[PDB]
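J.: So I've got this experimental structure, pasted below with the sequence.
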Amino acid sequence: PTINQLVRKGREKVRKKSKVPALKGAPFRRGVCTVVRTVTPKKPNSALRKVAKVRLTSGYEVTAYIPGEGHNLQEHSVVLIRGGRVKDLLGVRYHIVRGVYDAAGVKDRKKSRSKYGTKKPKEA
Amino acid sequence: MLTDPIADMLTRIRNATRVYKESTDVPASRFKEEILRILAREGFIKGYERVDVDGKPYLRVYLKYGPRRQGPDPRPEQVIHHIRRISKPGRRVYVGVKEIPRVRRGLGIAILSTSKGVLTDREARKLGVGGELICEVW
Amino acid sequence: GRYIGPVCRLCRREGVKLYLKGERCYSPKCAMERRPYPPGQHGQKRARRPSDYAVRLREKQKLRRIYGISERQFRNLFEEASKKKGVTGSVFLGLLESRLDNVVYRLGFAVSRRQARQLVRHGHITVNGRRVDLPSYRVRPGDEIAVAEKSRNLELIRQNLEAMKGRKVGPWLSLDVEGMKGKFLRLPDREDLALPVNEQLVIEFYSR
Amino acid sequence: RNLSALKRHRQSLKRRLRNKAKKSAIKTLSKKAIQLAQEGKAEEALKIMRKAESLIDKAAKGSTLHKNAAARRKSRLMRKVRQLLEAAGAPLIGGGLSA
Amino acid sequence: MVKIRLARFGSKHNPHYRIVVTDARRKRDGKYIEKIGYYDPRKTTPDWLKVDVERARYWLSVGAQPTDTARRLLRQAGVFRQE
Amino acid sequence: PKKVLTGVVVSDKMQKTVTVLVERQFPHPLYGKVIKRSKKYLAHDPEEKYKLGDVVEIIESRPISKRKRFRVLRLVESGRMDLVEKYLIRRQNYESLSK
RNA sequence: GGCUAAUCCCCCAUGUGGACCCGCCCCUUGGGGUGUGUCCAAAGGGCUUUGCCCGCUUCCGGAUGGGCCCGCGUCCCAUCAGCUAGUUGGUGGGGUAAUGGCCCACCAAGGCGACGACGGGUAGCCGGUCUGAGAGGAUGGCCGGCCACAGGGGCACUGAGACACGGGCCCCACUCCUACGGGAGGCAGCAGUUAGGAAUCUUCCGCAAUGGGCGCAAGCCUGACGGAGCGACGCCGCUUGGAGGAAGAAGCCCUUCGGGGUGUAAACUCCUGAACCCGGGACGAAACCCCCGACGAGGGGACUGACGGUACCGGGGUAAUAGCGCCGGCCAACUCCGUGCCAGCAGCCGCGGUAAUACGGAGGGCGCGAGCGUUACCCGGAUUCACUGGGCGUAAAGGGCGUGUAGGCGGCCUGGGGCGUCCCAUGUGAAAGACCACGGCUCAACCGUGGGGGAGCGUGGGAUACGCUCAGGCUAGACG
Ligand SMILES: [Mg+2]
Ligand SMILES: [Mg+2]
Ligand SMILES: [Mg+2]
Ligand SMILES: [Mg+2]
Ligand SMILES: [Mg+2]
Ligand SMILES: [Mg+2]
Ligand SMILES: [Mg+2]
Ligand SMILES: [Mg+2]
Ligand SMILES: [Mg+2]
Ligand SMILES: [Mg+2]
Ligand SMILES: [Mg+2]
Ligand SMILES: [Mg+2]
Ligand SMILES: [Mg+2]
Ligand SMILES: [Mg+2]
Ligand SMILES: [Mg+2]
Ligand SMILES: [Mg+2]
Ligand SMILES: [Mg+2]
Ligand SMILES: [Mg+2]
Ligand SMILES: [Mg+2]
Ligand SMILES: [Mg+2]
Ligand SMILES: [Mg+2]
Ligand SMILES: [Mg+2]
Ligand SMILES: [Mg+2]
Ligand SMILES: [Mg+2]
Ligand SMILES: [Mg+2]
Ligand SMILES: [Mg+2]
Ligand SMILES: [Mg+2]
Ligand SMILES: [Mg+2]
Ligand SMILES: [Mg+2]
Ligand SMILES: [Mg+2]
Ligand SMILES: [Mg+2]
Ligand SMILES: [Mg+2]
Ligand SMILES: [Mg+2]
Ligand SMILES: [Mg+2]
Ligand SMILES: [Mg+2]
Ligand SMILES: [Mg+2]
Ligand SMILES: [Mg+2]
Ligand SMILES: [Mg+2]
Ligand SMILES: [Mg+2]
Ligand SMILES: [Mg+2]
Ligand SMILES: [Mg+2]
Ligand SMILES: [Mg+2]
Ligand SMILES: [Mg+2]
Ligand SMILES: [Mg+2]
Ligand SMILES: [Mg+2]
Ligand SMILES: [Mg+2]
Ligand SMILES: [Mg+2]
Ligand SMILES: [Mg+2]
Ligand SMILES: [Mg+2]
Ligand SMILES: [Mg+2]
Ligand SMILES: [Mg+2]
Ligand SMILES: [Mg+2]
Ligand SMILES: [Mg+2]
Ligand SMILES: [Mg+2]
Ligand SMILES: [Mg+2]
Ligand SMILES: [Mg+2]
Ligand SMILES: [Mg+2]
Ligand SMILES: [Mg+2]
Ligand SMILES: [Mg+2]
Ligand SMILES: [Mg+2]
Ligand SMILES: [Mg+2]
Ligand SMILES: [Mg+2]
Ligand SMILES: [Mg+2]
Ligand SMILES: [Mg+2]
Ligand SMILES: [Mg+2]
Ligand SMILES: [Mg+2]
Ligand SMILES: [Mg+2]
Ligand SMILES: [Mg+2]
Ligand SMILES: [Mg+2]
Ligand SMILES: [Mg+2]
Ligand SMILES: [Mg+2]
Ligand SMILES: [Mg+2]
Ligand SMILES: [Mg+2]
Ligand SMILES: [Mg+2]
Ligand SMILES: [Mg+2]
Ligand SMILES: [Mg+2]
Ligand SMILES: [Mg+2]
Ligand SMILES: [Mg+2]
Ligand SMILES: [Mg+2]
Ligand SMILES: [Mg+2]
Ligand SMILES: [Mg+2]
Ligand SMILES: [Mg+2]
Ligand SMILES: [Mg+2]
Ligand SMILES: [Mg+2]
Ligand SMILES: [Mg+2]
Ligand SMILES: [Mg+2]
Ligand SMILES: [Mg+2]
Ligand SMILES: [Mg+2]
Ligand SMILES: [Mg+2]
Ligand SMILES: [Mg+2]
Ligand SMILES: [Mg+2]
Ligand SMILES: [Mg+2]
Ligand SMILES: [Mg+2]
Ligand SMILES: [Mg+2]
Ligand SMILES: [Mg+2]
Ligand SMILES: [Mg+2]
Ligand SMILES: [Mg+2]
Ligand SMILES: [Mg+2]
Ligand SMILES: [Mg+2]
Ligand SMILES: [Mg+2]
Ligand SMILES: [Mg+2]
Ligand SMILES: [Mg+2]
Ligand SMILES: [Mg+2]
Ligand SMILES: [Mg+2]
Ligand SMILES: [Mg+2]
Ligand SMILES: [Mg+2]
Ligand SMILES: [Mg+2]
Ligand SMILES: [Mg+2]
Ligand SMILES: [Mg+2]
Ligand SMILES: [Mg+2]
Ligand SMILES: [Mg+2]
Ligand SMILES: [Mg+2]
Ligand SMILES: [Mg+2]
Ligand SMILES: [Mg+2]
Ligand SMILES: [Mg+2]
Ligand SMILES: [Mg+2]
Ligand SMILES: [Mg+2]
Ligand SMILES: [Mg+2]
Ligand SMILES: [Mg+2]
Ligand SMILES: [Mg+2]
Ligand SMILES: [Mg+2]
Ligand SMILES: [Mg+2]
Ligand SMILES: [Mg+2]
Ligand SMILES: [Mg+2]
Ligand SMILES: [Mg+2]
Ligand SMILES: [Mg+2]
Ligand SMILES: [Mg+2]
Ligand SMILES: [Zn+2]
């Protein structure tokens, strides 16, 4: 565009939409489970995934993925939402954090325990 | 009406040299004549002279080239590899004396118009004046 | 704290001899003898062509692991060098070499860099008459580096020093073996060091 | 509790009254002169005017007024008096004003 | 009342004073009219006090009031000397 | 320095006041073109000395009214009615651009 | 309702002087001088009381601090296009320290808007900070400057100063006291509780230092402040050892069953000596005061710690925490076993449906290391809003065509101006930060001293090529 046109009008800065309304700007949010279900993955894969509907402290209600192997989560257990999505599941934007509140860290897991919230095994 | 006669001179020259013409006529004005004087002094052209064409005054710019070449494409190197406008009507540009550009690490020129007259970049720094930044040439 | 563990392993991973072990990295014990190949089970297997990244990385790893310095300190020192007027690579090397424990290694109070670090740490080293217990101290040219009077009778100190007899020291230094003194006269240049490292590779490493 | 800056408030009250009164008097006086000026009574309006002026300056003496406030009020009075004074003016007293 | 006193410019356990002219009304470490000196109590340097007397004399000419410490330093540096 | 501006008088319609159109030009802060904006100043004309289409100097002054901070210094040039015509017409164009 | 003191209030006096109306002079917005007229002051206290000290009064000036006004700059939505009644100006008036529709009366009919008025949305602003090669983008925590607010809304009194956080009146909500009439409150001060939340500290020590208030002082106040406490929240420094030690123990790992790995790693040999115990032990602090001298200068000269018996010095002294992510590509690091579209991984591409270097452990490896990963957010990359620095025949993109308004843009020659433009000088650009240098804590982080830098704006001077402008020519454009 001509310069005169840039004075008259000028470039437009580009707004971006937040992939996570955990609202609040918050890095995590505490919520209570509602449904603890299994879910069918999107077309390219096959499995049984463990997700949970959650009512947040933000007055928001969303499904959240349960990572790790085993999970003790039940209907009324209270949990901490992480954020980050699961590419192959429709409509799940956030993750559960294991080891926090009622979410139990993955039992027996020896490899990367920072994620999955398990503590260090003792060896003698 | 030429909307920017200076740009038109620069271009006339560009197109000319690109088809390897020996000379070109550009419609004349003292300001163009000043620019040319700088090119000539600076080694870019063989120099220029005033002519009349159907009674109307022009300037023959005589063009300078490298020697003939080896292999495919014997066409000689250009002496003006690059010539471009900086200040144009509709966006005008002025450098202070500390904003004067070092053009192609100095193997090039920038022609400024100043209140001391039309000078090269070195010329202006040495003179110590800023001005309207016209051409960039290398 | 720094890397504490088998060193001659790192001799082995860089495929070159960087002696942090002092003696025996001299005698045919260094394991770089007859086992030049890197550690682990895949070390004796073939070698895949290194990415540009890999090259730069490893070269930096050589330069750091030689001086036995924390990557934190290392990079902070690097940026410090890059800021300084003058050629980044040489400047860097000068600052690395300017480290107190390093100077102590150079002056020959310790057979190894790490041992010298210890010497500094435990107060066995003085600068301009005054004790300095921190190995990260920077020696400005003209400083004197001495084995502090109290420990001058120490077994290991005299042990090394008596071996240092007749040996030549670095040209940017001076050493008085009967006095345990020494003087850091100038900063060492590129050429002053025999360092088996191309510094430009390191500069390029921190470029990204 | 019971901060004794309480006392300050108490004094503020006393002062308040003492000001209002003083200031009030002035108004009442000024008007007097002014009205007496409309009726073109030379002597009387003048003497009231003198009293008003004096009392203004005396308000200025303390925190009631002073500043330029007194000079402002005084000016306005005197102007309005002298100005009002022309209908067959003949300001016989002439005491208060430069002749 | 325009004043002359010390503001604290050092660090924790490391006091460094900047002798300034400022309205007493203003806070200690905030904007000052002029910096006439510095003071080091731990005396870590061969120069732990400096003054620029002629200036201090000006500020006294127009009525600044030194705090007793400030005055002490000023006199030490001899703003007040006469004969 | 009290600020002096030069403009043309586009409105006489008030009492003892004129509207003065004052242009200024300057480089655009990003795009660098020289752009020319303008603004109306209300200037105090006590004697009704100045008329429509007069290019006058305007000086920063003690506030006359709300919106009048300036008075007319002198007459730079008389009778530029083309400037006026420009303003009048730009404002006439407003009757479009709406509903 | 009664008594009474004062540096509390009031009345004459003196008028240095000042205020005010009117005149005159200069000056030029209400600055200064002057003459007459009217009007205005004060407070006493302490000493050694024949002299000094603390005060009081009118005035001029200084200094510092603020009030008000103007130029310019300061986010998004035009699916917000018209807004405006004290609204725009005037005369007179009220109010104030002071200009002003700041307020009131009367008069005129104006004022603003595509150069974005009005409307809506978000928001304290700045010095700066993060990022970026830069231009730019983003942000404004702590520290400094300014503003605004003190449960919500209005209001004034007192005062040099407030429309006043720990002052007052009223209305509303809330909590508490209540003899049911009526009252009391206001942590966005330091700590602390409670709720909300992913989450944010001690109901500590001290007025020794700096600073502030009152006081002649002695001194009193000071949750400002100076410290200590808790939290790897951030930065910096430091330890978990050093040297010797097998052609290489056992265990675990792979195996072509020849052996390869973990690895000088361990054991063990020798040496230093974190913690810790013992002893000495601070600077920060010399004023205020005292004495000489004249309560000056000068000279001397004694008291005064929270931190804390802490920092540090000296002596003695033990081998004495390692974790976390990752290892298909991007990307540095590979192998067995287990599991078989499962269980699971996953930032994108994509792995897993019997040989899985991508799932799960193990051995080994890489990376960092008192940390390491994750999530959220910002800049980066992204030249993907392109000023630097992009495009539109078929990829997204030429308006269906014209006429022409605002606007943007403008041939050749001469001259005046000097608005843009450029140069010089000067003012400003606080401090802190940033950059440079030197220095102070053993180093650094941190701090001090000094130097340099700087866009922008003010003022003075100068240049005239280009842009502008004014005037005068020209004919190559345009029209005839
Ligand atoms: Mg000319
Ligand atoms: Mg010629
Ligand atoms: Mg450009
Ligand atoms: Mg460098
Ligand atoms: Mg250089
Ligand atoms: Mg040398
Ligand atoms: Mg970089
Ligand atoms: Mg009292
Ligand atoms: Mg009455
Ligand atoms: Mg009297
Ligand atoms: Mg007035
Ligand atoms: Mg103040
Ligand atoms: Mg100074
Ligand atoms: Mg003096
Ligand atoms: Mg008129
Ligand atoms: Mg008015
Ligand atoms: Mg209209
Ligand atoms: Mg009574
Ligand atoms: Mg009574
Ligand atoms: Mg009585
Ligand atoms: Mg009295
Ligand atoms: Mg009297
Ligand atoms: Mg007199
Ligand atoms: Mg007069
Ligand atoms: Mg008189
Ligand atoms: Mg009396
Ligand atoms: Mg005064
Ligand atoms: Mg002011
Ligand atoms: Mg904003
Ligand atoms: Mg809509
Ligand atoms: Mg109204
Ligand atoms: Mg009205
Ligand atoms: Mg009228
Ligand atoms: Mg008025
Ligand atoms: Mg007031
Ligand atoms: Mg405008
Ligand atoms: Mg903001
Ligand atoms: Mg807000
Ligand atoms: Mg920056
Ligand atoms: Mg930067
Ligand atoms: Mg920037
Ligand atoms: Mg900004
Ligand atoms: Mg901002
Ligand atoms: Mg703020
Ligand atoms: Mg602040
Ligand atoms: Mg301000
Ligand atoms: Mg409010
Ligand atoms: Mg509250
Ligand atoms: Mg409320
Ligand atoms: Mg309120
Ligand atoms: Mg007062
Ligand atoms: Mg008052
Ligand atoms: Mg209040
Ligand atoms: Mg308020
Ligand atoms: Mg309170
Ligand atoms: Mg009450
Ligand atoms: Mg809680
Ligand atoms: Mg809670
Ligand atoms: Mg704290
Ligand atoms: Mg206490
Ligand atoms: Mg104190
Ligand atoms: Mg004090
Ligand atoms: Mg006092
Ligand atoms: Mg006494
Ligand atoms: Mg108290
Ligand atoms: Mg504190
Ligand atoms: Mg923790
Ligand atoms: Mg943590
Ligand atoms: Mg060893
Ligand atoms: Mg073995
Ligand atoms: Mg074996
Ligand atoms: Mg021992
Ligand atoms: Mg002390
Ligand atoms: Mg001392
Ligand atoms: Mg003393
Ligand atoms: Mg005496
Ligand atoms: Mg003395
Ligand atoms: Mg003395
Ligand atoms: Mg004391
Ligand atoms: Mg103690
Ligand atoms: Mg010791
Ligand atoms: Mg010892
Ligand atoms: Mg051990
Ligand atoms: Mg790779
Ligand atoms: Mg994984
Ligand atoms: Mg199997
Ligand atoms: Mg298999
Ligand atoms: Mg397969
Ligand atoms: Mg695997
Ligand atoms: Mg992977
Ligand atoms: Mg794996
Ligand atoms: Mg491992
Ligand atoms: Mg650290
Ligand atoms: Mg972290
Ligand atoms: Mg980005
Ligand atoms: Mg960009
Ligand atoms: Mg870029
Ligand atoms: Mg994008
Ligand atoms: Mg562009
Ligand atoms: Mg630009
Ligand atoms: Mg494109
Ligand atoms: Mg198509
Ligand atoms: Mg298309
Ligand atoms: Mg078309
Ligand atoms: Mg189309
Ligand atoms: Mg036009
Ligand atoms: Mg032209
Ligand atoms: Mg000019
Ligand atoms: Mg001239
Ligand atoms: Mg300047
Ligand atoms: Mg600065
Ligand atoms: Mg600082
Ligand atoms: Mg600093
Ligand atoms: Mg330094
Ligand atoms: Mg130092
Ligand atoms: Mg500094
Ligand atoms: Mg500095
Ligand atoms: Mg400077
Ligand atoms: Mg100028
Ligand atoms: Mg000028
Ligand atoms: Mg000229
Ligand atoms: Mg000209
Ligand atoms: Mg021209
Ligand atoms: Mg034009
Ligand atoms: Mg003409
Ligand atoms: Mg003709
Ligand atoms: Mg024709
Ligand atoms: Zn080795």
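T.: Noted; the coordinates are in hand. Numbers count the residues shown, from 1 in each chain, chains lettered A, B, ... in the order given. Ligands and ions are numbered 1, 2, ... in the order given.
J.: In chain E, what residue lies closest to chain F?
T.: Closest residue of chain E to chain F, CB to the nearest CB: residue E:33 (26.1 Å). All C-beta spots, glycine's among them, are computed from the backbone N, C-alpha and C.
J.: Surely residue C:101 touches residue C:120?
T.: Yes. The criterion here is CB atoms under 8 Å, and residue C:101 meets it with residue C:120 at 4.9 Å.
J.: Need the residues touching each of these two.
T.: Counting by CB atoms under 8 Å, 6 or more residues apart in numbering or on different chains, the common neighbours of residue C:101 and residue C:120 are residue C:135.
J.: picking that back up, show me what contacts the residue of chain E closest to chain F?
T.: Per CB under 8 Å, 6+ apart, neighbours of residue E:33: E:2, E:20, E:21, E:22, E:23.
J.: Spell out which residues of chain A are next to chain B.
T.: Counting by CB under 8 Å from any CB of the partner chain, the residues of chain A close to chain B are A:2, A:3, A:4.
J.: Relative to residue A:2, how far out is the nearest residue to the second one once chain neighbours are set aside?
T.: Read that as residue A:3. Distances taken as CB to CB, 6 or more residues apart in numbering or on different chains place residue B:91 nearest to residue A:3, at 4.6 Å, with adjacent residues excluded. According to CB to CB, to the nearest Å, residue B:91 stands 9 Å off from residue A:2.
J.: for residue B:138, same thing?
T.: 27 Å.
J.: who's more crowded, these two?
T.: Neighbours were counted for residue B:138 and for residue A:2 using other CB atoms under 10 Å in any protein chain shown; residue B:138 has more, 16 against 10.
J.: wait, residue E:15 sits on residue E:42?
T.: Yes. Between residue E:15 and residue E:42 there is a contact at 7.1 Å, judged by CB under 8 Å.
J.: And the two? Which one has more around it.
T.: When neighbours are counted by other CB under 10 Å, residue E:15 and residue E:42 differ, and residue E:15 comes out ahead with 14 against 11.
J.: tell me the contacts of that one?
T.: If a contact means CB under 8 Å, 6+ apart, then residue E:15 has E:8, E:40, E:41, E:42 as its contacts.
J.: Now look at stretch A:28-37 and say if it contacts RNA strand G.
T.: Yes. Under the criterion of CB under 7 Å from any atom of the strand, stretch A:28-37 makes contact with RNA strand G via A:28, A:29, A:30, A:31.
J.: export the contacts of residue E:33 to CSV and tack on distance to residue F:79?
T.: Putting the contacts of residue E:33 into CSV (distance: CB to CB, whole Å) gives the following:
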residue, distance to residue F:79
E:2, 58
E:20, 61
E:21, 59
E:22, 59
E:23, 57
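J.: Restricted to buried residues, select these in PyMOL.
T.: The following PyMOL line selects those of these that are buried, judged by 16 or more other CB atoms under 10 Å in any protein chain shown:
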select buried, chain E and resi 20+21+22
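J.: Give me the subset of the contacts of residue E:33 that lies in strands.
T.: Among those, the members found in strands (DSSP state E) are E:2, E:20, E:21, E:22, E:23.
J.: Identify the residues contacting the nearest residue to the second one once chain neighbours are set aside.
T.: It stands for residue E:20. For residue E:20, ignoring the flanking residues on the chain, the nearest one in space by CB to CB, 6+ apart is residue E:32 at 3.8 Å. By CB under 8 Å, 6+ apart, the residues touching residue E:32 are E:7, E:18, E:20, E:21, E:22, E:26.
J.: Please report the distance of the last one from residue E:61.
T.: Translated: residue E:26. Taking CB to CB, one finds residue E:26 at 21 Å from residue E:61.
J.: Between those two, which is the more surrounded one?
T.: Per other CB under 10 Å, whichever of residue E:26 and residue E:61 has more neighbours is residue E:26, with 14 against 8.
J.: Name the helix or strand for the closest residue to that one other than its chain neighbours, please.
T.: Using CB to CB, 6+ apart and skipping the chain neighbours, the partner closest in space to residue E:26 is residue E:32 (7.5 Å). Assigned by DSSP states H and E, residue E:32 falls within no helix or strand.
J.: What of the one 4 residues further on?
T.: In this structure, residue E:36 sits in strand E:34-39 according to DSSP H and E.
J.: picking that back up, want to throw the contacts of residue E:32 into a markdown table with distance to residue D:16?
T.: Output for the contacts of residue E:32, formatted as a markdown table (distance: CB to CB, whole Å):
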| residue | distance to residue D:16 |
| --- | --- |
| E:7 | 42 |
| E:18 | 46 |
| E:20 | 41 |
| E:21 | 40 |
| E:22 | 36 |
| E:26 | 33 |
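J.: right, and out of the residues you listed, which lies closest to ligand 4?
T.: Ligand 4 has its nearest neighbour among these in residue E:18, at 34.9 Å by CB to the ion.
J.: For the closest one, the count of nearby residues, please.
T.: There are 17 residues near residue E:18, going by other CB under 10 Å.
J.: is it fair to say residue F:71 lies in a strand?
T.: Yes. Looking at residue F:71 with DSSP: H, G, I helix; E, B strand; the rest coil, it is inside a strand.
J.: May I have the residues that are in contact with it?
T.: F:43, F:44, F:45, F:58, F:59, F:61, F:64.
J.: Ranking by neighbours, what's the top pick from these?
T.: Result: residue F:43 is most packed of those (other CB under 10 Å), 26 neighbours.
J.: Against chain A, how distant is that residue?
T.: 30 Å (CB to the nearest CB, to the nearest Å).
J.: same check, this time on residue D:35
T.: From residue D:35 over to chain A the distance is 67 Å, taken as CB to the nearest CB.
J.: Regarding that residue, what is its secondary structure?
T.: With three-state DSSP as the basis, residue D:35 sits in helix.
J.: What about it, how many residues nearby?
T.: The local packing of residue D:35 (other CB under 10 Å) involves 13 other residues.
J.: hang on, the earlier thing: so which of the contacts of residue F:71 are in strands?
T.: Reading strands off the contacts of residue F:71 with DSSP E, I get F:43, F:44, F:58, F:59, F:61, F:64.
J.: wait, which of the residues you listed is closest to ligand 6?
T.: Ranked by distance to ligand 6 (CB to the ion), the ones in strands among the contacts of residue F:71 are led by residue F:59 at 71.8 Å.
J.: contacting residues for the closest one?
T.: When contacts are counted by CB under 8 Å, 6+ apart, residue F:59 touches F:2, F:3, F:4, F:5, F:70, F:71, F:72, F:73.
J.: Tabulate those (a markdown table), appending distance to residue A:21.
T.: Putting the contacts of residue F:59 into a markdown table (distance: CB to CB, whole Å) gives the following:
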| residue | distance to residue A:21 |
| --- | --- |
| F:2 | 56 |
| F:3 | 52 |
| F:4 | 57 |
| F:5 | 52 |
| F:70 | 53 |
| F:71 | 58 |
| F:72 | 60 |
| F:73 | 61 |
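J.: Quick check: PyMOL command selecting the buried ones in the residues you listed.
T.: A single PyMOL command is used to select the members of those judged buried by 16+ other CB under 10 Å:
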select buried, chain F and resi 5+70+71+72+73
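J.: Looking at the contacts of residue F:59, spot the one nearest chain A.
T.: Chain A lies nearest to residue F:5 out of those, by CB to the nearest CB, at 23.6 Å.
J.: what about that closest one, which SS state?
T.: Following three-state DSSP, the label given to residue F:5 is strand.
J.: Could you do residue F:40 as well?
T.: Here residue F:40 is recorded as strand under three-state DSSP.
J.: Quick check: which element contains residue 58?
T.: This is for chain A. If you go by DSSP H and E, residue A:58 is not part of any helix or strand.
J.: wait, I meant chain C there
T.: In this assignment (DSSP H and E), residue C:58 forms part of helix C:52-67.
J.: Bridge partners for the residue nearest the centre of chain E, pull those for me.
T.: The centre of chain E sits closest to residue E:19, judged by CA atoms, centre = their mean, with a distance of 2.5 Å. On the basis of DSSP bridges, residue E:19 is bridged to residue E:6, residue E:37.
J.: All set now, cheers.
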